[PDB]
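What follows is a set of notes on a single structure, which appears directly below.
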Amino acid sequence: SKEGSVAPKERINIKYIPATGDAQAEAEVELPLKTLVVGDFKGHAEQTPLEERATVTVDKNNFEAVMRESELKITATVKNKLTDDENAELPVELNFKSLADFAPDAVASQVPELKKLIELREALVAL
Amino acid sequence: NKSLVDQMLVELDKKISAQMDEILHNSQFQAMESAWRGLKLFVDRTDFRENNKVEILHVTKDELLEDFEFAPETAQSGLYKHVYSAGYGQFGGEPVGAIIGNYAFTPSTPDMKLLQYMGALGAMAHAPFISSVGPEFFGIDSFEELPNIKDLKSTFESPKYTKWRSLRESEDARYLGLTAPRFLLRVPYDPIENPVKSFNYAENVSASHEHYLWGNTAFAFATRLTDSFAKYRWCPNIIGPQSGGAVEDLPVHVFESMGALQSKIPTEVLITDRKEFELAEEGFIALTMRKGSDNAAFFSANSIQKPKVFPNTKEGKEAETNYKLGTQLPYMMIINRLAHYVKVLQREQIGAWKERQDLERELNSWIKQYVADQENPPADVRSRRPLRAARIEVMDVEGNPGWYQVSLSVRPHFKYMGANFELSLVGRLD
Numbered sequence: 002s003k004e005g006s007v008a009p010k011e012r013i014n015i016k017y018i019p020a021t022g023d024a025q026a027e028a029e030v031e032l033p034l035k036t037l038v039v040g041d042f043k044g045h046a047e048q049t050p051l052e053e054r055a056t057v058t059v060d061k062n063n064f065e066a067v068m069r070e071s072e073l074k075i076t077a078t079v080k081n082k083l084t085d086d087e088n089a090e091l092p093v094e095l096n097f098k099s100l101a102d103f104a105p106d107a108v109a110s111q112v113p114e115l116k117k118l119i120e121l122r123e124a125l126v127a128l
Numbered sequence: 061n062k063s064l065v066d067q068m069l070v071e072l073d074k075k076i077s078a079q080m081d082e083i084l085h086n087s088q089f090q091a092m093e094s095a096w097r098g099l100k101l102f103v104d105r106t107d108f109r110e111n112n113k114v115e116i117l118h119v120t121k122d123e124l125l126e127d128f129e130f131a132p133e134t135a136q137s138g139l140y141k142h143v144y145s146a147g148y149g150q151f152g153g154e155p156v157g158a159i160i161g162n163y164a165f166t167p168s169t170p171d172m173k174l175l176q177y178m179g180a181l182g183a184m185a186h187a188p189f190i191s192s193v194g195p196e197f198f199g200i201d202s203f204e205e206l207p208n209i210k211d212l213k214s215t216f217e218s219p220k221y222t223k224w225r226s227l228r229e230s231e232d233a234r235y236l237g238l239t240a241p242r243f244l245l246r247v248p249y250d251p252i253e254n255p256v257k258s259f260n261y262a263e264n265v266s267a268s269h270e271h272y273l274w275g276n277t278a279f280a281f282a283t284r285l286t287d288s289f290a291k292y293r294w295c296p297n298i299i300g301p302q303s304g305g306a307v308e309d310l311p312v313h314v315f316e317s318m319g320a321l322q323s324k325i326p327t328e329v330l331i332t333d334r335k336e337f338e339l340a341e342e343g344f345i346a347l348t349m350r351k352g353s354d355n356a357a358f359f360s361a362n363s364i365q366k367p368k369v370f371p372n373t374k375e376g377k378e379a380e381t382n383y384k385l386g387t388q389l390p391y392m393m394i395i396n397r398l399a400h401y402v403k404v405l406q407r408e409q410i411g412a413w414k415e416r417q418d419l420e421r422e423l424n425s426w427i428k429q430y431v432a433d434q435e436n437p438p439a440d441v442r443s444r445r446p447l448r449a450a451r452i453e454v455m456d457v458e459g460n461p462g463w464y465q466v467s468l469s470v471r472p473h474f475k476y477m478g479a480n481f482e483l484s485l486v487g488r489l490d
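Here the protein sequences line up with chains b and B, keeping their order. All residue numbers for the first sequence refer to PDB author numbering, where the first residue is 2 and numbers rise by one. All residue numbers for the second sequence refer to PDB author numbering, where the first residue is 61 and numbers rise by one.
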């Protein structure tokens with residue numbers, strides 16, 4: 002209920018109301034300025050129609066969880082410059098979880114044709 | 061012996077950095093990294109402990125166009141159901157305040173049909189759509205020739221742009237804003253300045269400036285909307301170096317020029333002020349770099365719609381005055397917030413014993429909340445009570461009882477947007 006409750010009527014009826022008596026006073030929540038950021042956020046088209054896919058609430062407190070659940074992906078081809086050939090291409094297959102994954106460290110870990118050179122560099126440094 | 065091992069380390073770092081330059085400059089990877097890193101740049105500069113929510117919907121442009129054309133009208137699409145029907149017109153929901161498009165727009169007929177339809181969605185849902193003008197919208201390669209274009213007003217008369225000039229004159233161009241040039245998200249890597257773990261990487265950025273990570277401007281404009289709302293519970297304050305529109309903290313990149321040092325500009329160009337006023341007259345929001353700093357500013361936030369010319373009489377200048385108030389975003393955000401409060405609060409009175417003068421009294425006492433009509437209010441009280449006058453007329457729909465017809469007309473505080481000065485030495489003056 003919303004009006005509270007009273008006892009059954011007695012000789013002395015005492016109940017408490019909001020005694021401000023504020024006629025022409027109505028309650029509203031301060032409406033959120035709900036910005037709807039719409040942009041290309043995944044590496045592919047989805048077959049799911051636009052009315053069925055859902056909005057994702059993002060704050061500061063779960064942004065890594067939003068990038069985590071988003072299951073990001075890029076599958077593409079780059080020019081390979083570990084040798085002296087133009088036709089030599091390097092296929093990459095990456096997986097992304099947070100904004101650490103765009104650094105050259107994690108990118109250096111997620112392509113084995115660079116990961117073996119990082120480890121080989123670790124062989125040359127340790128000697 | 062050891063020096064040969066170190067030379068093998070330098071050559072090997074040239075190899076791994078040589079490949080890493082090719083992966084990190086991948087165009088799809090720049091799209092992903094630009095969208096998400098720019099998204100965090102928007103997110104962490106807002107203040108979510110002051111009732112702001114940002115929602116994410118993964119949409120590419122081709123399914124906005126395929127969606128809208130597959131929809132029988134604008135009123136049954138998917139995005140109309142995520143913005144309007146699940147929001148503004150749902151019992152108990154919350155209105156969409158603004159829509160930020162992480163897109164880039166060309167003069168191609170799919171893009172202008174997209175902006176006609178998003179003008180319609182912004183019409184029925186009271187949500188301004190903000191996006192980015194791409195480099196080929198002006199007829200040039202990239203943004204580093206805005207000092208080299210002689211005249212924009214004579215550029216836009218070509219028959220390439222006929223659809224665009226058909227778009228500005230439409231009555232739904234109050235709800236669009238297209239933003240001019242982009243800006244940096246990320247300092248290019250270096251051993252010292254932005255290091256990487258367990259490796260020596262030195263990002264060799266060439267003369268071609270696509271190798272930088274460019275983020276969207278519309279995110280930065282969205283930081284100005286959401287921050288202004290977090291301070292002041294409204295969004296009229298997005299238009300100055302000091303009034304609220306200042307976007308601070310941009311990354312710099314000091315790199316060796318032909319013998320000297322120079323700062324690579326965080327925006328693509330230093331827009332001179334004549335060029336800014338021209339972009340403001342064309343309906344664009346010019347992100348202007350402050351030269352010698354790392355700070356940028358919106359000197360203007362006009363919307364798309366062409367400001368009309370009326371005859372030079374008394375009534376003509378009043379009607380031009382109203383029509384240029386209508387076509388600028390720091391006033392349409394005021395009318396958007398009034399439209400949202402009027403919808404959301406005036407659904408809670410359906411079923412109360414109201415007469416006509418009841419709505420006059422309750423709306424006038426409702427809107428005396430937002431009137432700041434003293435002699436000289438300071439900047440803050442103007443910031444949180446934006447409208448200076450309000451004149452409400454309530455009439456009945458005759459022969460359809462109870463249905464009331466209301467005209468709510470406001471007069472906002474004019475924000476200082478240009479002046480002409482004439483100076484003259486003289487004697488004899490008092």
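We put the beta carbon where it would ideally sit given N, CA and C, even for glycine.
### Ordered list of beta strand (DSSP E) runs contained in the segment 94-163 of chain B, each at least 3 residues
Taken in chain order, the complete beta strand (DSSP E) segments of 3 or more residues contained in the segment 94-163 of chain B are 114-118, 156-162.
### Task
Since I believe residue 106 (chain b) is in contact with residue 257 (chain B) (beta carbons under 8 Å), could you give me their beta-carbon distance rounded to a whole number of angstroms?
5 Å
### Message
Under 8 Å: do the segment 313-320 of chain B and the segment 124-135 of chain B share three or more Cβ pairs, one atom per stretch?
### Response
no
### Task
Could you name the residues of the segment 160-193 of chain B whose beta carbon sits closer than 8 Å to any beta carbon of chain b, in the order they occur along the chain?
160, 161, 162, 163, 187
### Task
Reducing DSSP to helix, strand and coil, say where residue 40 (chain b) ends up.
In the structure shown, residue 40 (chain b) sits in a strand (DSSP, three-state: E or B).
### Query
Is the CB of residue 138 (chain B) under 8 Å away from at least one CB in chain b?
yes
### Inside the segment 30-92 of chain b only - alpha helix (DSSP H) runs reaching at least 4 residues
With a minimum length of 4 residues, the unbroken runs of alpha helix (DSSP H) contained wholly in the segment 30-92 of chain b fall at 64-71.
### Task
Quick one: measure Cβ to Cβ for residue 307 (chain B) and residue 283 (chain B), integer angstroms, because I've assumed they're closer than 8 Å.
7 Å
### Query
Which value, in whole angstroms, describes the spacing of the CA atoms of residue 227 (chain B) and residue 418 (chain B)?
41 Å
### Query
For residue 69 (chain b), which residues from the same chain have a beta carbon less than 6 Å from its beta carbon, with the 5 sequence-adjacent residues on both sides left out?
98
### Message
I need the DSSP call for residue 449 (chain B), collapsed to helix, strand or coil.
### Response
Of the three classes helix, strand and coil, the one that applies to residue 449 (chain B) here is strand, per DSSP.
### Query
Say the cut is 7 Å; is the CB of residue 213 (chain B) nearer than that to a heavy atom of the ligand GDP?
No copy of the ligand GDP appears in this structure; indeed no ligand is present at all.
### Message
Along the chain, where does the beta strand (DSSP E) containing residue 190 (chain B) start, and where does it finish?
### Response
189-192
### Message
For a cutoff of 8 Å on Cβ pairs, would you count residue 76 (chain B) as touching chain b?
### Response
yes
### Task
Note down the Cα distance separating residue 456 (chain B) from residue 404 (chain B), rounded to an integer number of angstroms.
21 Å
### Task
Under 8 Å by Cβ, that's how I've got residue 127 (chain B) and residue 117 (chain B) pegged, so tell me the actual separation to the nearest angstrom.
With a Cβ gap of about 12 Å, residue 127 (chain B) and residue 117 (chain B) do not count as contacting.
### Query
What residue does the alpha helix (DSSP H) around residue 186 (chain B) start on, and which one ends it?
Looking at the DSSP string, residue 186 (chain B) is not in any alpha helix (DSSP H), and its letter there is neither H nor E.
### Query
How do the segment 225-243 of chain B and the segment 187-202 of chain B stand: do at least 3 beta-carbon pairs fall below 8 Å, yes or no?
yes
#### Entry: Proximal residues of chain B, C-beta to C-beta of residue 80 (chain b) below 8 Å
82
### Query
So what's residue 426 (chain B) in DSSP terms, helix, strand or just coil?
helix
### Query
So what does residue 196 (chain B) bridge to, in DSSP terms?
Paired residues: none, contrary to the question.
### Query
Mind pulling the chain B residues with CB within less than 9 Å of residue 3 (chain b)?
Going along chain B, no residue has its Cβ under 9 Å from residue 3 (chain b), so there is no contact; the nearest lies around 13 Å.
### Message
According to DSSP, simplified to helix, strand and coil, what is residue 289 (chain B)?
### Response
helix
#### Entry: Against chain b: residues of the segment 243-258 of chain B by CB proximity under 8 Å
249, 256, 257, 258
#### Entry: One or two residues paired with residue 348 (chain B) in a DSSP bridge
B:357
### Query
Between residue 295 (chain B) and the rest of its own chain, which residues show a CB-CB distance below 6 Å, the 5 nearest in sequence each way excluded?
So the qualifying residues of the chain are 285, 288, 289, 393.
### Task
List the residues of chain B that residue 122 (chain b) touches, going by C-beta distances under 8 Å, in chain order.
69, 72, 73, 76, 259
### Message
Assess contact between the segment 15-35 of chain b and the segment 98-116 of chain B, defined as three or more Cβ pairs (one per stretch) separated by less than 8 Å. Is contact present?
### Response
Under the 8 Å Cβ criterion, the segment 15-35 of chain b counts as touching the segment 98-116 of chain B, having at least three qualifying pairs.
### Message
Could you tell me the alpha carbon to alpha carbon distance between residue 141 (chain B) and residue 52 (chain b), rounded to whole angstroms?
### Response
7 Å
### Query
Along chain B, which residues have their Cβ under 7 Å away from the Cβ of residue 58 (chain b)?
113, 115
### Message
Distance check for residue 114 (chain b) and residue 253 (chain B), CA to CA, integer angstroms please.
### Response
27 Å
### Task
Could you name the residues of the same chain whose beta carbon sits closer than 6 Å to that of residue 467 (chain B), not counting the 5 residues immediately before and after it, in chain order?
453
#### Entry: Cut-off 6 Å between Cβ atoms - residues of its own chain near residue 76 (chain b), not counting five sequence neighbours on either side
94
### Query
Looking only at C-alpha atoms, which of B:271, B:277, B:75 sits nearest to residue 102 (chain B)?
B:277
### Query
Is there a Cβ from chain b that is less than 8 Å from the Cβ of residue 442 (chain B)?
no
### Query
When the Cβ atoms of the segment 346-354 of chain B are set against those of the segment 382-396 of chain B, are three or more pairs found closer than 8 Å?
no
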